[PDB]
Amino acid sequence: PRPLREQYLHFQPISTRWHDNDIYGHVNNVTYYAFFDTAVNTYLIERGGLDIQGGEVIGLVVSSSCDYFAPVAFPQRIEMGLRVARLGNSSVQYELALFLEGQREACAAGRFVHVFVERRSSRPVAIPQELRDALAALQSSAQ
Amino acid sequence: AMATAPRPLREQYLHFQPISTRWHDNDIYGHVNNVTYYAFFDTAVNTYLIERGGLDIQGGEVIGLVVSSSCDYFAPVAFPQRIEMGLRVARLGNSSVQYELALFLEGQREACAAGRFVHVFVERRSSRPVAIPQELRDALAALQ
Amino acid sequence: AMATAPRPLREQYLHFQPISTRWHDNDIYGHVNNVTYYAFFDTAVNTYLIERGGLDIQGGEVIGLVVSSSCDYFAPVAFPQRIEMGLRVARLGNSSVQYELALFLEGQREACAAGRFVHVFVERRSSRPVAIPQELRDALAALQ
Amino acid sequence: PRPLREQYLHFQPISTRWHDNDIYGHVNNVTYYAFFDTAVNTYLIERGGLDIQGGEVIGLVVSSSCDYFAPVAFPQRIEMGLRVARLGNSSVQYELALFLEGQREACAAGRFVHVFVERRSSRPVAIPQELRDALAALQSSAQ
């Protein structure tokens with residue numbers, strides 16, 4: 001059952017790279033998680049003010065998963081759908097889907113989970129309110 | 001801490017492989033990036049299939065497609081720590097196989113991370129599922 | 001600062017391609033890792049050869065082997081900065097081609113890095129050098 | 001002209017990974033520079049006391065190059081030869097070569113150059129003496 005574009009709120013284009021393709025010629029399964037990491041964090045920096053260089057609070061990835069429906073290959077143009085399934089105190093569950101640009105049905109769809117912690121000590125903390133506001137803005141309307 | 005799932009132990013896995021860490025395994029927060037673990041899963045599984053199951057990745061008529069995967073991360077590791085992957089097969093079907101994997105520090109019992117993934121085996125050119133080849137089945141059966 | 005070589009300028013390159021940065025482009029010191037630049041060179045060149053020169057990477061009988069490369073790094077960039085690669089062909093021979101590339105911030109004139117690499121074109125199966133195919137030559141000639 | 005094993009002083013085995021192979025089936029050219037980065041830094045940490053997590057001094061890569069003589073593929077076992085061509089005040093030139101384990105003639109050979117700087121400001125500084133001692137120990141005897 002394949003996610004559709006209209007089921008996500010925010011989109012990030014990601015350009016494909018030569019070595020995204022593996023030996024069998026399609027984007028390797030691993031690379032999809034790099035797209036997930038890149039899509040989520042691009043948004044938290046651009047919209048939630050996240051300071052990756054010097055911020056006191058960082059997101060740890062505690063879990064992730066992906067289902068792969070149909071392949072894509074460098075150099076096809078792809079775009080990530082991003083939404084938030086649940087925003088908790090200090091953790092957040094994201095759902096994502098990769099689409100060919102100019103296509104309705106996702107090639108792959110996944111999820112991952114951030115827990116926000118103090119940079120040095122890794123103690124869980126309140127999502128800075130700026131980040132909270134941006135995360136809530138991605139709230140899934142799916143079903 | 002991180003994932004709250006029950007942490008698997010070394011003795012739950014049947015085969016082990018060391019994987020050296022690389023400089024850029026670490027990301028900007030200083031530990032091995034979450035994505036990298038899936039590259040360890042891919043490496044551990046295919047190393048085995050080739051060396052023990054005879055898989056021919058260069059000219060073989062049959063290939064593994066990864067159709068789902070997942071991982072829980074319990075505690076960080078960092079380059080240049082030496083790591084090792086535990087592998088077992090949780091199920092072995094006609095055309096598909098589910099692996100369980102965990103990363104351990106070399107010289108240690110509790111998993112830093114654990115996850116799974118599914119291969120479906122298909123004809124190289126057409127991508128029509130075929131049955132897992134006999135020699136590869138035999139090798140996978142030894143991990144179940 | 002870093003490399004002391006003369007910094008190339010945008011107008012020295014003939015074709016440009018934006019490449020989005022990815023989370024793990026940054027390494028533990030916080031900027032895009034030196035290795036990543038070569039992945040940008042590979043991407044910029046092959047994107048062009050496919051889109052403009054008709055190269056068929058999936059089923060083509062002729063492939064590019066990278067036989068040498070180099071890079072000078074003048075100043076850092078960091079994910080999520082938007083970057084772009086300038087490309088020109090410095091020489092175009094019968095079977096080999098030398099590219100010059102530089103990375104720029106999108107919206108900027110001075111190169112953050114610059115380097116080169118050489119393709120030799122070979123028969124896919126045997127790796128015997130063949131001449132660069134006519135359609136690919138024509139595209140490369142437009143960058144020289 | 002292909003470097004031989006006996007022309008290097010220190011060796012690091014590096015295990016190959018699935019996605020090291022690209023679409024044409026051999027380790028991608030880019031990956032060799034990751035091997036260079038990994039070999040040099042493994043040694044500076046293990047033998048020169050480098051503190052990558054919290055050290056005040058970091059190495060910047062200002063230049064690199066590689067010549068590729070013959071291919072290798074996952075899952076072949078490979079090993080990096082490492083030597084120092086010239087140790088300067090604040091910079092150092094490394095030469096490296098990739099060998100198949102159990103083979104004399106290098107598949108590829110390269111060089112790269114570190115400039116050591118203050119972590120925050122990137123001002124060039126004296127190589128901490130511990131690092132200096134380890135770097136001198138790799139001095140090339142080649143010719």
Side-chain angles (χ1 to χ4, degrees), chain A residues 10-28 30-46 48-55 58-61 64 71-76 78-80 82 94 96 98 101 110 112 114 119 134, chain C residues 15-33 35-51 53-60 63-66 69 76-81 83-85 87 99 101 103 106 117 119 124 139:
Chain A
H10 177 76
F11 292 85
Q12 209 225 323
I14 291 165
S15 71
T16 55
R17 294 175 187 184
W18 173 260
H19 203 189
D20 287 344
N21 291 342
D22 66 17
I23 188 168
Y24 295 138
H26 299 155
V27 172
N28 186 264
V30 172
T31 303
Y32 288 72
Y33 289 101
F35 297 157
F36 289 3
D37 249 28
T38 291
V40 165
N41 288 290
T42 298
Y43 178 86
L44 296 171
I45 292 163
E46 297 200 332
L50 175 63
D51 181 8
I52 66 162
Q53 303 295 336
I58 76 185
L60 311 177
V61 176
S64 49
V72 309
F74 166 95
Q76 298 181 297
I78 67 88
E79 99 183 293
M80 302 301 303
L82 171 61
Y94 306 101
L96 301 100
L98 180 144
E101 85 168 33
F112 89 80
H114 259 158
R119 186 178 205 121
Chain C
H15 172 80
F16 290 86
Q17 185 197 333
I19 298 189
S20 54
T21 50
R22 294 170 188 185
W23 167 263
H24 201 177
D25 287 346
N26 291 339
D27 69 12
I28 188 173
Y29 302 135
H31 303 307
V32 168
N33 185 261
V35 174
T36 311
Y37 283 80
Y38 291 107
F40 300 152
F41 288 3
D42 268 23
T43 301
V45 168
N46 287 290
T47 301
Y48 187 82
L49 300 176
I50 295 162
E51 297 184 340
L55 173 75
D56 178 3
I57 74 178
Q58 300 296 343
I63 69 156
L65 302 182
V66 177
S69 50
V77 301
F79 161 88
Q81 289 179 305
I83 68 92
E84 89 184 300
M85 300 305 298
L87 175 57
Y99 314 95
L101 276 124
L103 179 149
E106 73 148 35
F117 81 88
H119 269 158
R124 184 158 200 150

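Every chain is numbered from 1, with letters handed out A, B, ... down the list of sequences. What you see below is based on every heavy atom in this structure, not just the backbone, and it leaves out hydrogens, waters and symmetry mates.
A:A73 approaches C:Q58 most closely through the heavy-atom pair CB-NE2, 4.0 Å. Minimum heavy-atom separation, A:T16 to C:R22: CA-NH2, 3.8 Å. Taking each heavy atom of C:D42 and A:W18 in turn, the nearest pair found is OD2-CD1, 3.7 Å.
Here CG of C:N26 is found 10.5 Å from CG of A:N41. Values are rounded to the nearest 0.5 Å. Here the CD atom belonging to C:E84 is positioned 12.0 Å from the OG atom belonging to A:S15, to the nearest 0.5 angstrom. Rounding to the nearest 0.5 Å gives a distance of 6.0 Å between CZ of A:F74 and CD1 of C:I57.
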